[PDB]
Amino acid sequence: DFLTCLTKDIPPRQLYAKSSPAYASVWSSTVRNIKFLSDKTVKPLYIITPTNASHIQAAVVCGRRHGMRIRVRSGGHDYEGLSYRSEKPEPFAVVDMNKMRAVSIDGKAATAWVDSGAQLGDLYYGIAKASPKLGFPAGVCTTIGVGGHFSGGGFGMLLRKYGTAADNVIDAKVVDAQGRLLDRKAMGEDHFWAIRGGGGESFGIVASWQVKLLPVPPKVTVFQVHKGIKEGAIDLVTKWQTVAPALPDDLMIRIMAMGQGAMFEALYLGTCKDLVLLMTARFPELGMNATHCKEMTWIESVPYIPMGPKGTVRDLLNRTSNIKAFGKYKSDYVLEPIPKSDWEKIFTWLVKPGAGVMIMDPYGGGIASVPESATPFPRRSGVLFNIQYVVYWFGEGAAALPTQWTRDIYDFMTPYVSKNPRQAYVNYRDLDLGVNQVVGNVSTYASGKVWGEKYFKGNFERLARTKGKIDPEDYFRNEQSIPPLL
């Protein structure tokens, strides 16, 4: 009934049922967190790969009529895999946006219409091909789909200069609960506000986003400084807490703390000549000099940050991630500096069996210039840095220890991080923060508030009221979707 309704508008070769020969290949292709590549995983009954907006509209209308819910997938980077799976058995279809990957740049306006199914690498390469002096402030990882990324805000190495990806969105085309294709002018100001940081799924299927391409100099500078415990790593991380968020908006210094060492990784929007003087005046303790400097163009810095010197600009078009593993992730936000003595205690947790990495990104600058209520992303002024706890493993048999570590370090970090509410990042999805409760075919406000306030703070109420206007029947839902407030 649902399938026959789809064939009226969507070609059968773009439709995959569980019995289709290409089903397994199409489902598994973008499942990034391998712990979900199991038989226990609740898989969709149907997979739809649209190539036009009318196909998405048809899918929604067909879904309403035949009682089939839709979970949309772009790059599939969802940490908890909510774009391709369900926690409990329920009938659903997946709208896979991967074939809608157009990046159309308006050369004379420096704007771009980017499809949700395009990965960040497609966007980055597209901008580079059109101009050597233009860039865009999105994530580090090349395989992230624009759809889920922008929906949750999205940040990377350019956050201190230009904010989030969503801060630079000027228009968008969304398919709502009624199957209407709406732009900014047509969806209203609340609906447009909601998709710019309010998380994916909840407010409909965003087909494409119009973004503002921003300037970057012809040469940028990258440095990677590794520091062990005996070289003063604990002292350097302590000082960094106040120095990094206060540095000029052209400089971003991120930390990757693993085991016994702390890697200071940076991207400076300028040359080595100007960077050395800046570092010796603001953070001399790091021992940074011109030997650490790697000068290159902006586009060349994109594969350099996660793939090393081996990565090329052409590698950005590869749709397979360089990370092929089972993972558990959690996030925190620090508002007050953590004392040296306590950083010593945090570092002992990194040599514990099953330990992962702590990735720390400094805020301040351009990200902190936007008011807390301007976009649904509330981590602006007052935030010093974001912390991401990441663990990787092999096989479901070695899952017990690294999973326990993430929860263990999180419990320990409680007095040092943000409180009332304990702020978390939506794109760093964590179901341990709570899931929705469904009473009367609708997700409840009270259950949504638990995790909601963590991700969105005071912006949760407006997000819930907006959901009440667009989708009161709660058609677009998952375990962590915005509940309707009437």
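The numbering used is simple: start at 1 and walk along the sequence shown.
K.L.:
Regarding 274 to 282 and 210 to 218, which shows the higher C-alpha temperature factor on average in the entry?
P.N.:
Higher of the two, by average CA B-factor, is 274 to 282.
K.L.:
Using only C-alpha atoms and the B-factors in the entry, which stretch averages higher, 64 to 72 or 453 to 461?
P.N.:
Higher of the two, by average CA B-factor, is 64 to 72.
K.L.:
From 97, 194, 409, 351, which pick has the Cα B-factor that tops the rest in the entry?
P.N.:
Within the set 97, 194, 409, 351, 351 shows the top C-alpha B-factor.
K.L.:
Pick out which of 28, 441, 51, 33 has the highest C-alpha B-factor in the PDB entry.
P.N.:
Going by the entry's C-alpha B-factors, 441 comes out highest.
K.L.:
Please place residue 336 in the lowest, middle or highest third of its chain according to the CA B-factor in the PDB entry.
P.N.:
As the PDB entry reports it, the C-alpha B-factor of residue 336 lands in the highest third of its chain.
K.L.:
Could you say whether, by C-alpha temperature factor, residue 3 belongs to the lowest, middle or highest third of its chain?
P.N.:
It belongs to the highest third of the chain when residues are ordered by C-alpha B-factor.
K.L.:
Using only modelled residues of the chain, where does the Cα B factor of residue 56 rank: lowest third, middle third or highest third?
P.N.:
Lowest third - that is where residue 56 ends up once the chain's C-alpha B-factors are sorted.
K.L.:
Please place residue 327 in the lowest, middle or highest third of its chain by C-alpha B factor as given in the entry.
P.N.:
Its C-alpha B-factor belongs to the middle third of this chain's values.
K.L.:
Using the B-factors in the PDB entry, rank residue 268's C-alpha atom against the chain and give the third, lowest, middle or highest.
P.N.:
Answer is middle: the recorded C-alpha B-factor places it there.
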